[PDB]
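**Student:** Residue numbers (the entry's author numbering): 1 to 686.
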Ligand SMILES: [Ca+2]
Ligand SMILES: [Ca+2]
């Protein structure tokens, strides 16, 4: 199938995502509405149910509202059954309108609909070439007080109707009982409760297997992507086994939310997007975009440096989901704000690298501060606002122009308030000019592009004051003035003759799993896929066409591989690095080591004889290990995804910068479980 087909569940760079809060978009069935103190039909109390549902989203796919905007994927609230309590927090009644307070991950939330309504939503969406991404929030169930079992539903977890346990009297240890996080350390934020949410214990084999079976069920119902909630608050080693369960079963695009603030650059966040097996909501793009286009706390050089930096720091930048606002920040449009600011920032996101997401109601200029004010019911379904038209004109280009879906980004002209950049993929080009200054024209002189000669019409049709670009020989354009608030997009598309890889998905899996490689120039006759120097040809290539190849990972040792494609004529592509072949299926094992005293700046690490453990190299060792909450220093602990069903060898080591101190003695051995979890508890061997 082509890279742009709705069936391509692995990669989303050719798509535009519309993020819907199901309750707040359209009540297409009022008989499923909550009643009593849980419902506010006027949606004036933004913490109660207003009544919006899956039949409401079906109705807006059918009548052309969402397809007339060119949206090709929708991201909806978590579909699973939630607690039914109305919780009063210091006066206000609050409900699970948002889907985050789960009680059964194997059944639907009846306010949104029945399982038949969920299947009709998947079928209607796909029949209209729309992909469906759902929230999944495995870090917790719901508000709970072990001291007061009558509060809310006491964090109870059920499995397809059957009660597994509650937060009070948790003799099975399904949940963590360490108090609540103060956010001071990454460790602290993982093992203590978020606010009052009953924190799931993924080291318990029952919780582990349950969540892994729950996600597979939703995969069986045809969802196309997963947005994972609170990834900074779950063990990284457990999320790696969770991604390995998705990818080795039915790989679909998965991305998580790790909030970053303005000017926060964090190593940990990038490490997560590069090594977890999932991508991130690109808060580094969003905060810088709001600084330049909304708040004017930085200018175009900031924007340039963020685009140039992020292409390097994210190993797979075409997989990060970009946005200018969402459910966790104030709406981009303000009361006293110019609409042009929103319209430009949206045209910027739609032509930028990554996977653009548009928060519902952006096309209707909704304002509102933080939660719950940014989740009002959307006021109108007008298809004639300037913003609806911008999206309508630009969102198609992700499907037709591979330079917008996969291309590199190149700054071509810049000053404090204008950036003109080029997106380039083989021979396909898109050039975008933006003047953020609303009252001063910009004189453009000396702009060189990669567009061939011709008079390129603005794809926006002049609605944000864009102009035609005349390009002469050598990509040089005639000089022009960019209007106050001017935004124009110019484009040229043709064939590549060369193989060029734009995206690969999944990026982590065991031998035998079919991966999807997307790009242009592969040709129609089946060529060769290289993993390292290993060549895969013939029957192991499941599908070959010019924009997409599906191929089985070969039986190679586990580790990090470079992918390359050769067309049938022997021409080879660019290298798509950092693919992780796993040793096999994964299980999370908790490693606990006692009596490992260290010095300031010295920390404990784990390594061993499989790739998942860094194959005995100190620079790739797992850690630094934790030592505050579940166990305390000098006992250190860590949850590590390791291959299932086999004997591994390993040793612990101390690292103070440059210096590595290995444990003495023989190597440790452990035979891993086939499913579930296990705990290794050993003592530092001098
Ligand atoms: Ca309803
Ligand atoms: Ca947690």
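From the three backbone atoms N, C-alpha and C, an ideal C-beta is built for every residue, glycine too.
What's the C-alpha gap between residue 233 and residue 191?
**Tutor:** 8 angstroms
**Student:** Which residues count as close to ligand 1 when the rule is a CB under 6 angstroms from any of its heavy atoms, in chain order?
**Tutor:** 27, 29, 30, 32, 33, 51, 53
**Student:** Strictly by DSSP, which residues pair up with residue 54?
**Tutor:** Answer by DSSP bridge pairing: none, since residue 54 is not bridged.
**Student:** Whole-angstrom Cβ separation of residue 253 and residue 9, contact assumed at under 8 angstroms?
**Tutor:** About 6 angstroms separates the Cβ atoms of residue 253 and residue 9, confirming a contact at the 8 angstroms cut-off.
**Student:** My guess is that residue 139 and residue 176 are in contact by the Cβ rule of under 8 angstroms, so how many angstroms apart are they, rounded?
**Tutor:** Between residue 176 and residue 139 the Cβ distance is about 10 angstroms, and since that is not below 8 angstroms, they are no contact.
**Student:** Does DSSP put residue 126 in a helix, in a strand, or in coil?
**Tutor:** Taken through DSSP and simplified to helix, strand or coil, residue 126 comes out as helix.
**Student:** Judging by CA-CA distance, which residue of 283, 404, 126 is the nearest neighbour of residue 263?
**Tutor:** 283
**Student:** Whole angstroms is fine: what's the gap from residue 576's alpha carbon to residue 31's?
**Tutor:** 51 angstroms
**Student:** Taking all protein chains shown into account, decide if residue 339 is buried (16 or more other Cβ within 10 angstroms of its Cβ) or exposed.
**Tutor:** exposed
**Student:** Measuring straight from C-alpha to C-alpha, what distance separates residue 312 and residue 574?
**Tutor:** 16 angstroms
**Student:** In angstroms, rounded to a whole number, what distance separates the CA positions of residue 536 and residue 551?
**Tutor:** 8 angstroms
**Student:** Does the beta-carbon distance from residue 323 to residue 349 come in below 8 angstroms?
**Tutor:** yes
**Student:** Which first and last residues belong to the alpha helix (DSSP H) in which residue 238 is found?
**Tutor:** 236-249
**Student:** Return the chain-ordered list of same chain residues with a C-beta closer than 6 angstroms to the C-beta of residue 481, the five sequence neighbours on each side being excluded.
**Tutor:** Apart from sequence neighbours up to five positions away, the residues of its chain that approach residue 481 with a beta-carbon distance below 6 angstroms are 441, 443, ordered along the chain.
**Student:** Quick check: is any heavy atom of ligand 2 less than 7 angstroms from the C-beta of residue 278?
**Tutor:** no
**Student:** List the DSSP bridge partners of residue 204.
**Tutor:** None; residue 204 has no bridge partner.
**Student:** Please report the distance separating the alpha-carbon of residue 302 from that of residue 308.
**Tutor:** 10 angstroms
**Student:** Rounded to the nearest angstrom, what separates residue 170 and residue 183 at their Cα positions?
**Tutor:** 25 angstroms
**Student:** Start and end of the alpha helix (DSSP H) containing residue 772?
**Tutor:** Outside the displayed range of the chain (1 to 686) lies residue 772, so it cannot be described from this structure.
**Student:** Counting only runs of 3+ residues fully inside the segment 557-589, write out the beta strand (DSSP E) ranges in chain order.
**Tutor:** 559-566, 576-581
**Student:** When you compare the segment 210-229 with the segment 106-126, are there three or more beta-carbon pairs, one atom per stretch, that lie closer than 8 angstroms?
**Tutor:** yes
**Student:** Could you name the residues of the same chain whose beta carbon sits closer than 7 angstroms to that of residue 383, not counting the 5 residues immediately before and after it, in chain order?
**Tutor:** 65, 68
**Student:** What does a CB cutoff of less than 6 angstroms around residue 228 pick up in its chain, not counting 5 residues either side in sequence?
**Tutor:** So the list reads 136, 256, once near-sequence residues are dropped.
**Student:** When every heavy atom of ligand 2 is checked, does at least one fall within less than 7 angstroms of the C-beta of residue 177?
**Tutor:** No, Cβ of residue 177 sits at least 7 angstroms from all heavy atoms of ligand 2.
**Student:** Would you please state the rounded distance, in angstroms, between the beta carbons of residue 693 and residue 333? I believe it to be under 8 angstroms.
**Tutor:** Residue 693 is absent from the structure shown; the chain starts at 1 and stops at 686.
**Student:** What residue does the beta strand (DSSP E) around residue 505 start on, and which one ends it?
**Tutor:** Taken as a continuous stretch (DSSP letters only), the beta strand (DSSP E) holding residue 505 covers 500-505.
**Student:** To the nearest angstrom, how far is it from the Cα of residue 56 to the Cα of residue 674?
**Tutor:** 43 angstroms
**Student:** Taking 8 angstroms as the threshold (C-beta atoms), are residue 419 and residue 329 in contact?
**Tutor:** no
**Student:** List the residues that DSSP assigns as beta-bridge partners of residue 668.
**Tutor:** 650
**Student:** When we look at the beta-carbon of residue 268 and count the other beta-carbons within 10 Å, is it buried (16 or more) or exposed?
**Tutor:** exposed
**Student:** Along the chain, which unbroken stretches of the beta strand (DSSP E) at least 3 residues long are found entirely within the segment 109-186?
**Tutor:** 131-136, 140-143, 157-159, 162-165
**Student:** Could you say which of 380, 510, 677, 570 lies nearest to residue 523 if we only look at CA atoms?
**Tutor:** Measuring from the Cα of residue 523, the nearest candidate turns out to be 570.
**Student:** Given this structure, state the Cα-to-Cα distance separating residue 519 from residue 503, to the nearest angstrom.
**Tutor:** Straight-line Cα distance between these residues: approximately 7 angstroms.
**Student:** Could you tell me which uninterrupted alpha helix (DSSP H) segments, each at least 4 residues in length, are contained entirely in the segment 355-442, listed from first to last along the chain?
**Tutor:** 386-394, 397-400, 402-406
**Student:** Would you call the segment 615-624 in contact with the segment 580-589, where contact means no fewer than 3 C-beta pairs closer than 8 angstroms?
**Tutor:** no
**Student:** Less than 8 angstroms between the CB atoms is what I'm expecting for residue 396 and residue 70, so what's the real figure, rounded?
**Tutor:** 5 angstroms
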